[PDB]
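Residue numbers (the working numbering), protein chains in the order written: chain A, 10 to 236; chain B, 4 to 39.
Here it is, written out as structure tokens:
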């Protein structure tokens, strides 16, 4: 395994400010480190940061950084559905909604790109699709979308579609559900998906559409109709 | 709140255990087929 420091190679650079240097956002830099570790160790299954003691590294981050860092574990365990759960279970039951959402997304990522008859992604992420916590909704929706991208699974699509129209769904959750549906139905021209997205777009007001998160609905339609 | 979270945790535990069992069965079946 390669830790982020190996990639960074700070000692080579001229350490002009090795002492009281610029005070950068430590939480943001920890998030960057988590992303870098995930990318560098992707698909290998071993990692020198989360595997040895993952709770310390996770709690080193702040707020959503915990969600991203937790998902990094699934990124690392990519294509290892069998081994993904036995490692992500520890974080699947956590006192932090961010960590639990990250574990959901990690399971989705782990299942992404491979297909089993056990449908682990559905089995695990169908529970939190409509949960009252928007963060967990986001994690589960994105995990399911990544796990079943390009599959055109009617069961998953019918599970996901009501989320867009559900009342207690922020614009973020609506856009993420549109993205997930587009990924699941890419190159399918699904009547259900297109009708749902069009209805959702029409239902909202000008002030709500001024939000940037709303840009993910036209993206969902385009992904559905790609090519 | 807390009760709902505990119930969700129990449900996820049960689902994970069932999943690991099914995956172990699938792995051993694949190994048996490959040996055959």
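Virtual Cβ for every residue (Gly too), placed ideally from N, Cα, C.
Look at residue 31 (chain B): its C-beta is not under 8 Å from any C-beta on chain A. Contact between residue 26 (chain B) and residue 91 (chain A) holds: CB atoms are separated by about 5 Å, below the 8 Å threshold. Residue 110 (chain A) and residue 145 (chain A) do touch by the CB rule: their CB atoms are close to 5 Å apart, below 8 Å. Look at residue 119 (chain A) here: in three-state DSSP terms it is helix. Here residue 206 (chain A) is buried: its Cβ has 16 or more other Cβ atoms, across all protein chains shown, within 10 Å. Restricting attention to A:12, A:131, A:180, the CA atom closest to the CA of residue 157 (chain A) is found in A:131. Residue 17 (chain A) carries a helical assignment under DSSP once its states are collapsed to helix, strand and coil. Fewer than three beta-carbon pairs drawn from the segment 115-123 of chain A and the segment 70-77 of chain A are found closer than 8 Å, and the two stretches are therefore not classed as touching. By the criterion of at least three beta-carbon pairs nearer than 8 Å, the segment 11-24 of chain B is in contact with the segment 97-107 of chain A. DSSP, read as helix, strand or coil, puts residue 32 (chain A) in coil.
Closer than 8 Å at the C-beta level to chain B, one finds these residues of the segment 90-107 of chain A: 90, 91, 94, 95, 98, 101, 102. Taking the Cα of residue 133 (chain A) as reference, the smallest distance to any Cα among A:170, A:93, A:56 is reached at A:93. Residue 193 (chain A) has its alpha-carbon roughly 30 Å from the corresponding atom of residue 32 (chain B). Cβ neighbours of residue 135 (chain A) within its own chain (closer than 7 Å, five residues either side excluded): 168. What residue 15 (chain B) touches in chain A, judged by beta-carbon distance under 8 Å, is 101, 102, 133, 136, going in chain order. The DSSP-derived three-state label of residue 10 (chain A) is coil. For residue 189 (chain A), the secondary structure class from DSSP, reduced to helix, strand or coil, is helix.
Put simply, the backbone Cα of residue 6 (chain B) is about 35 Å away from that of residue 191 (chain A).
Short of 7 Å from the beta carbon of residue 106 (chain A), and not among the five residues preceding or following it, lie these beta carbons of its own chain, in chain order: 142, 144, 145. In this structure, the beta-carbon distance from residue 41 (chain A) to residue 87 (chain A) does not fall below 8 Å.
Contact check between the segment 51-71 of chain A and the segment 23-31 of chain A: fewer than three CB pairs, one atom from each, fall below 8 Å, which does not count as touching. In the same chain as residue 39 (chain A), and ignoring 5 residues on each side of it, the C-beta atoms closer than 6 Å to its own belong to 69, 70, in chain order.
Using a Cβ distance threshold of 8 Å, residue 182 (chain A) and residue 195 (chain A) do not count as a contacting pair.
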